[PDB]
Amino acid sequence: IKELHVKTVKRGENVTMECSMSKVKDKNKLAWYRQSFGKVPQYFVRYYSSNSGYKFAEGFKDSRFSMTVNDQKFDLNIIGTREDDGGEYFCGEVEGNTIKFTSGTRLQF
């Protein structure tokens, strides 16, 4: 049972939340999930074969968010963190009938 990284930030800081490509078997099934307090997690960005390597859920628009995607890394970034970024972020690969979460971060203020 895998432990979350804890990132304590202040408003205006930058953050990168890590996820490894190392055991991934289908990058098309990799996505990042966000869970805010009192809500269900939600997928907000996934792998996308392209030069950037990712793509955002429909009508997720926040320019502060990006990703750094390559054969090692599937890393999620926030430039200019605000109190409302607070919550948990999980990186998950879908496999058959279930998803496996291989890492996640609790982002806190």
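Position 1 is the first residue in the sequence shown; the rest follow in order.
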Take the C-alpha B-factors listed in the entry for 44-52 and for 77-85, compute each mean, and give the stretch with the larger one. 44-52
Quick check: 86-94 versus 15-23, which has the larger average CA B-factor in the record? 15-23
Of 60, 37, 32, 65, which one's C-alpha B factor is largest in the deposited record? 60
Going by the entry, which third of its chain does the Cα temperature factor of residue 4 land in? middle
